[PDB]
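Convention: sequence-line order gives letters A, B, ...; per-chain numbering from 1.
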Amino acid sequence: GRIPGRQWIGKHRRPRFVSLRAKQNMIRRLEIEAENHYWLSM
Amino acid sequence: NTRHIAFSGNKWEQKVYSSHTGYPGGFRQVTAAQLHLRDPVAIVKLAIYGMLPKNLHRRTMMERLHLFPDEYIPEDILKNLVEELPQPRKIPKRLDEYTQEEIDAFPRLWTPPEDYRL
Amino acid sequence: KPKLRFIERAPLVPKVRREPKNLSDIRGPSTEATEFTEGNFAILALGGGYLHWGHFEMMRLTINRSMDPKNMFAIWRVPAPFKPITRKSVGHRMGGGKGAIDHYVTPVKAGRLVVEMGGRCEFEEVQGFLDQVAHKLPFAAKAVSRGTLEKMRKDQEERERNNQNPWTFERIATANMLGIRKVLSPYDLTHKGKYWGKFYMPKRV
Amino acid sequence: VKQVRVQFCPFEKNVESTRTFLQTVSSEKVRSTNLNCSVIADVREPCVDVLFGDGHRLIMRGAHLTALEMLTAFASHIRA
Amino acid sequence: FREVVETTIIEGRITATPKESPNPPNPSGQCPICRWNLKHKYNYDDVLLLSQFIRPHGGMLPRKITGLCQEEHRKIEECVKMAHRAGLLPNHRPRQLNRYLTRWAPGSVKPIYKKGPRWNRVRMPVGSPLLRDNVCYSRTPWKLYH
Amino acid sequence: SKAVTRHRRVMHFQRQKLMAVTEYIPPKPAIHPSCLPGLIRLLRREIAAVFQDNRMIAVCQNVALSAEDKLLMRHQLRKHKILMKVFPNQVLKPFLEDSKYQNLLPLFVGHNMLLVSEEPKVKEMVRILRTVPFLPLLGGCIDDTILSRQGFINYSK
Amino acid sequence: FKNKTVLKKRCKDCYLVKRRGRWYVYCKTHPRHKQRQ
Amino acid sequence: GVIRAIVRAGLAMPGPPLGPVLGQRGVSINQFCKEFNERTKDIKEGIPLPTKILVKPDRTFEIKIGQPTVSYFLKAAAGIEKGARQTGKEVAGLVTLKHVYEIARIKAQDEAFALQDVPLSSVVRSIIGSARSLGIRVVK
Amino acid sequence: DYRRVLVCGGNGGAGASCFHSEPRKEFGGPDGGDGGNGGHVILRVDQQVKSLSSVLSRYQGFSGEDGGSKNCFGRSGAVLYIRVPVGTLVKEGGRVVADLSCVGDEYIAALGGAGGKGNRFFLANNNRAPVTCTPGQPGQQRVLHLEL
RNA sequence: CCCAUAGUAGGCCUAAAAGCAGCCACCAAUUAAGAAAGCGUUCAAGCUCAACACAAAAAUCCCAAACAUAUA
RNA sequence: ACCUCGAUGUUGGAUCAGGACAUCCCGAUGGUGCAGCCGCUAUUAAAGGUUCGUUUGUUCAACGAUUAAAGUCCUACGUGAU
Ligand SMILES: [Mg+2]
Ligand SMILES: [Mg+2]
Ligand SMILES: [Mg+2]
Ligand SMILES: [Mg+2]
Ligand SMILES: [Mg+2]
Ligand SMILES: [Zn+2]
Ligand SMILES: [Zn+2]
């Protein structure tokens, strides 16, 4: 089970999957920035 | 009692142990059930071997592992024993093992219609 | 004329000047022929794609064979193949200019109706062969009535209004929240994350 | 099968099991091939009798039984 | 419960039948599970609960008779299959590898000779997805595939 | 690769994470709601009229008969003024309470074939039934007076 | 048997059964209808 | 078993439409046609007549007959030998309501045909529908 | 005692149009193999076969494979033999092809098309890089009237 | 799940094509039923709609070991 | 046109073969427009096997004679420090 060519660049790449940890990290950043929006609105 | 281990799910039929004798055509793939029937210690031994760190100490460690298929243990090993570790999984009870008091304590959930063969 | 009209392979007068492969004509929601017109059933395009003359013949033959001429009538909601796909020779090294016209084809965008049926007949009577034709089509397609089309649309607004996710693709893309516009296309601001290439994700709010 | 007799008392509390039984199996749709049988319906807790001239008498008290149960019992007895 | 007795003459007699325990915690519910507040709080090993919907020979009882919701009937059926395969109902039988949480019948699964690459691994199912909504007492979700 | 591709192109991992984070989340509709708490009128009027038109009524289970046998039975009944009827229990059970027939509830279940008449040829009808040893007579109620099978036999004799 | 990705009953006696892990269309009257998923 | 035939009384031995179709069960064609001709003499001659023959398992004949057919009867009453082609717009003969009633008077009497409806409407409407399906206009 | 069947002789394979190249001779020349002739179809008599009840549907003679590279020719289609009872008259639409009486009497009912020529077939001192790729000629196809 | 009376094989042309090769009307009785929606008949005959009624496969050898529920 | 142009021609053949199964034969099954024999089709099966000659450098191909069969492929179109 090999991915043709070089991984992560070609037309056919290794399937990458989003972990719950990654989702939580992104959501944390989004919350910080929503607060930034609020504090920049005044 | 490594002969009496229990696999969750259908691992007894799906888990496959792969080995190669080195010779061409020497690839052998044996389900967990077949491996267990052949050697009643192999499954636990392989699990521990895979969990141990992959260095030169691993086989020295495996020399300290003593696997016995059944309740019998050699006398010297028994005399060496110091502590017994709690079993990681608590064995669920069967109805045959439940006491009538416990059955009574558990409520009846529904009224079966009287006119039913059952 | 309660029958589906025959579609020519290529326009009678061709385009002397070769034109570029503007894939934008397949990318994104369809803005034309998105609504029913003198009909009750149709084939909805749930994705973008190019309809070759072979697809046109498949549709025409299947529908004409499997509809009642006197009651059921059909109408094309898509122009005839008009975009030349200048497929080059059957082997040659790259270069030498642009290729020559070999096939003609009509672009289709998601949300576009391809064929529209009508007449005295209910939806289930037609679902069978319309669904077969939809599967035959080169893009995702669906046999849709007027009622089902409006139902799925209203469901889409219901989703957009009731989702409990505080984070929507629209909010994040428009606000450039995580600098994600460094990863998104400018078209994503208007596709709202529901379109990726020529594929349309209906399940996604 | 040689003879069958169905009795029930709808004047008293009804028993739909035997009613459905006689509606289903005691029909010429079946007797056309089961011509050897003689059906009688003597109506007045219920009682379904089946007489086999060989060695068997079958008595069904289809009060608490149901149509499916009694039909299966009849079929099993016919198979013998 | 009616039982048929033979002697040939055969007759059906209604015998003693249990009744729902007094004082349901949540009276006026759709299903017994909802009435007793057990929507997401029973597992394959809860034989005391499971056997109440089980024929004497091990089969499940019909949903019309039990009164269970459709989803709860499916959950109970799957939990009963798992309990039987785990050997927790030794007496509810028609007439040696220890298992538990077995989704499939042992004789219908093929060995995984070629587990795929890391991104397409063929995983061994454990438990049932029907119980995915059970009460979560663990920090990490319980895995349905091993 | 072009922006539009025949295959589904691989997304930048950041875009994939964005999609996952912005996936639709359906609302939870509180406690599980499931677990939470003119032929019809033609028949109505026809049966209303019939209940007064008929003076004597009876019912049988003429479902065990063939098409030809049923036709012959209908012919023998039409020889007299009696008329054979059938109507759903689904609509007849309301009819019993509508016409104030409490004793008639446990008489009509399954296939029921009414025998509405005003002149009793029940003697000859029973004679015809005799040569066909099945299709037993069922209880009825003449002019609001419930009659069992023994009552019908006595009335016939 | 005939291998089909989608199983369709052909006559009235064609019945679907999931056996040994996969679906089958069995038929007593017309064994020609035997299908395997 | 019942055998249904629409033979014409004029010709008692047409051939294929009786011989092979009746010979499968086992029949005496001579007796069958003799009885059919007896009925033909009993009734007017030269008119299609449905039959209700029932071939008993004992190999015996019980022929039952009634009124003649209805399509040919209506065509004759309208003075038509062959019906209209379209039968939705084409018409060749017109039959008045009084004539329809007069013919219906002697129509609701057969036993096998089951035309035993007490009301006159049941029969008049049925024959009117038959005529409408045929190429005959119902006057007034 | 009477039967109509459809035969279909094999279609010749199509030639190849390749060109050879190797480490010290980049332009190795035409390299397309010829296609294989289609398979003939033949009716043969058998004393064992009683009648035309065991007949079948379009008897399709096998088609020769296409030419390959390296001048590899294509295998000619295999000969398909049909069998019939002794004393069978074989006709086309009126024309009588053969009265097959003897045990094993055999007649060619549909020839197979000649295989196509690859581009190397057209190689010559004059034509040094042909590209022509003749397709396989089709095989005779016809309906047969069989009567005993 | 049931079972399917009858005007009549509705006529037309069609050897007859009756529901089925095809047009045109598509009424009708009992309480209740489309002069044809699918098999099968040269044509008939025999069966079902209903309504009565109640996904995957490639070539050296699979590829961490494992684990469903101890508190976020 | 991404590795190799600071001694690796290439094709066939010989020798020895490792492997895949998308099975040519041998094995076990379902269906059949399979009465039997026979075929046709599909599922499963890779343990084993899978010929010798004429022309041609040939791989192929044709032809001759066989065979249970003379399978489709990959292996730097396996294998020239053999
Ligand atoms: Mg790589
Ligand atoms: Mg470059
Ligand atoms: Mg060097
Ligand atoms: Mg295989
Ligand atoms: Mg290569
Ligand atoms: Zn509930
Ligand atoms: Zn079948």
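- Proximity of residues 24-34 of chain G to RNA chain K (heavy atom under 4.0 angstrom from any strand atom) is restricted to G/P31, G/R32, G/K34.
- For I/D46, the salt bridge (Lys or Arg N to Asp or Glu O under 4.0 Å) criterion is met by I/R83, not counting sequence neighbours.
- If you take atom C1' in J/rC54 and the same atom in J/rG10, they sit 36 Å apart, rounded to whole Å.
- With a cut-off of 3.5 Å on both Watson-Crick or G-U wobble distances, the partner of J/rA32 is given as none.
- As judged by a 4.0 angstrom heavy-atom cut-off over every strand, F/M84 is placed among the base-contacting residues.
- For J/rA72 and J/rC62, the P atoms lie 43 Å apart once the distance is rounded to whole Å.
- Residues F/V63 and D/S27 share a closest heavy-atom pair of O-OG, 4.4 Å.
- Comparing the P positions of K/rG48 and K/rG53 gives a spacing of 26 Å, expressed to the nearest Å.
- Taking the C1' atoms as reference points, J/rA35 lies 9 Å from J/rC27, given to the whole Å.
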_nucleotides 8-25 of chain J: protein proximity per nucleotide (B base, S sugar-phosphate only, - neither; heavy atom, under 4.0 Å)_ = BBBBBB--------BBBB
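- Base stacking is present between K/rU11 and K/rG12; both the centre distance of their six-membered rings (under 5.5 Å) and the plane angle (under 30°) fall inside the limits.
- Bounding nucleotides for the chain G contact on RNA chain K, 5' to 3', at a heavy-atom distance below 4.0 Å, are K/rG30 to K/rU43.
- The same atom, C1', is picked in J/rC13 and in J/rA32; the two are 36 Å apart, to the nearest Å.
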*Treat primed atoms plus P, OP1 and OP2 as sugar-phosphate and everything else as base, then score nucleotides 56-72 of chain J 5' to 3': B for base contact with protein heavy atoms under 4.0 Å, S for sugar-phosphate contact only, - for none.*
-----BBSBBBBBBSSB
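- K/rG31 and K/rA76 have their P atoms separated by 46 Å, given to the nearest Å.
- Pairing between K/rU51 and K/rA65: present (Watson-Crick or G-U wobble, both distances under 3.5 Å).
- A cation-pi arrangement is present between G/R19 and G/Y26, with the terminal nitrogen or guanidinium carbon under 6.0 Å from the aromatic centre and inside a 45° cone about the axis.
- Across K/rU54 and K/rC38, the matching P atoms stand 36 Å from one another, rounded to whole Å.
- The residue among I/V55 and G/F1 whose nearest nucleotide of RNA chain K is located toward the 5' end is G/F1.
- Here G/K12 does not reach the OP1 or OP2 of J/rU48: none of its side-chain N or O atoms lies under 4.0 Å away.
- A heavy atom closer than 4.0 Å to some atom of RNA chain J occurs in no member of residues 66-81 of chain I.
- Applying the 90° cutoff around 0 to the glycosidic angle, K/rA20 is assigned anti.
- Residues B/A32 and B/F7 share a closest heavy-atom pair of CB-CE1, 4.1 Å.
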